[PDB]
Student: 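Below you'll find the structure I mean.
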There are 2 protein chains.
Amino acid sequence: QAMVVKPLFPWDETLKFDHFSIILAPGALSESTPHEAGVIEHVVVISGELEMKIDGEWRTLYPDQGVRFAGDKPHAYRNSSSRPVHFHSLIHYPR
Amino acid sequence: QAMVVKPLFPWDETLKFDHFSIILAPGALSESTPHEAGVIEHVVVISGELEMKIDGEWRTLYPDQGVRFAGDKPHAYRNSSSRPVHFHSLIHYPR
Ligand SMILES: [Mn+2]
């Protein structure tokens, strides 16, 4: 399977916060779905190498490297390495 | 040394949130002072095996597993495995 998503914790009503663990197979590309205005997303690489397209530009992130950005803007996740990439996606929804 | 701490992101003023990576050497024990009242913490194991003491009780956590708990309680981290343990710690402060 190209992309396997698993919540690390259930939806957190108090913190308005989701925390997902995602494994992206070699060669897989995933485009973000739309989010509510004001959502903030953090991506942190756990293992492997991840390519993130943010503000129309690609960058490579290595383990324990991360990026914080506007989750409501189009972005993409891509694995151009030869092994799965495991990363976390944290989402803070606005109050 | 026994414990190596690294911020994954700098302090987030708007989200009142810290995010750290920690590596505990075999046999290491870290006893934290309780954080401010209302603080919520999450811990996720990246690799290895982590023991955590919450509510005066020890439990062992493995990769992909995590726990959410009240940060203003006393708690502790310990590595009783023969390998280092690498984990992430999230801290959310009250707004
Ligand atoms: Mn702590």
Side-chain angles (χ1 to χ4, degrees), chain A residues 1 3-24 35-50 52 54 59-73 75 83-95, chain B residues 3-25 35-50 52 54 59-73 75 83-95:
Chain A
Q1 186 174 311
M3 197 184 201
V4 174
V5 188
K6 152 187 164 49
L8 280 162
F9 297 98
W11 153 254
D12 193 323
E13 185 173 359
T14 298
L15 298 182
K16 289 187 174 294
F17 167 71
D18 263 328
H19 191 156
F20 300 107
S21 174
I22 303 175
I23 299 175
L24 198 57
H35 275 279
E36 179 186 353
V39 159
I40 301 297
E41 177 168 357
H42 290 79
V43 165
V44 176
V45 176
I46 306 309
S47 63
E49 302 182 2
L50 179 67
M52 284 300 298
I54 293 162
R59 75 183 74 183
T60 303
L61 294 172
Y62 295 94
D64 281 0
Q65 293 184 346
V67 55
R68 182 190 186 281
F69 59 93
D72 58 338
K73 302 299 173 184
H75 56 280
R83 67 181 184 285
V85 58
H86 179 203
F87 63 98
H88 295 170
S89 168
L90 291 65
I91 303 290
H92 284 82
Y93 306 93
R95 56 180 70 258
Chain B
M3 197 178 197
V4 178
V5 186
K6 174 191 167 177
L8 292 170
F9 296 95
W11 164 250
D12 197 318
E13 183 57 44
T14 67
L15 302 175
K16 301 287 184 168
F17 152 72
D18 274 323
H19 195 176
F20 300 102
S21 177
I22 300 172
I23 301 175
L24 270 185
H35 301 257
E36 302 164 24
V39 164
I40 299 302
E41 294 188 43
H42 294 79
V43 163
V44 186
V45 178
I46 302 315
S47 69
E49 299 176 12
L50 176 63
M52 285 205 58
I54 310 175
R59 59 219 270 176
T60 303
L61 297 164
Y62 302 88
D64 300 317
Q65 306 182 343
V67 56
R68 180 189 188 279
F69 60 95
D72 55 347
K73 295 179 179 177
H75 56 286
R83 300 179 293 116
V85 57
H86 176 209
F87 61 102
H88 292 175
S89 178
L90 290 59
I91 315 296
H92 279 81
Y93 290 85
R95 177 169 286 94

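Below, each value reflects all heavy atoms present in this structure, side chains not excepted, and no hydrogens, waters or symmetry copies. First the proteins, then the strands, lettered A, B, ... as listed; each starts at 1.
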Student: Got a salt bridge between B:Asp12 and A:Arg68, using NZ or NE/NH1/NH2 to carboxylate O under 4.0 Å?
Tutor: yes
Student: Do A:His19 and B:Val44 come close enough that some side-chain heavy atom pair is under 4.5 Å?
Tutor: yes
Student: On the 0 to 90° scale, with breaks at 30° and 60°, tag the A:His92-B:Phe17 ring pair as parallel, tilted or perpendicular.
Tutor: tilted
Student: Looking at chain B, which one of A:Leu90, A:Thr14, A:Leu15 has the largest number of heavy-atom pairs inside 4.5 Å, strictly under?
Tutor: A:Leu15
Student: How close do B:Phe9 and A:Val43 get, counting heavy atoms only, and between which atoms?
Tutor: CZ-O, 3.8 Å
Student: Can B:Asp64 and A:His86 be said to form a side-chain contact (heavy atoms from CB on, under 4.5 Å), step by step?
Tutor: CA-CA 10 Å; B:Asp64 300 317; A:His86 179 203; 3.4 Å; yes
Student: Please classify the contact between B:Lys16 and chain A as side chain, backbone, both or neither, with a heavy-atom cut-off of under 4.5 Å.
Tutor: neither
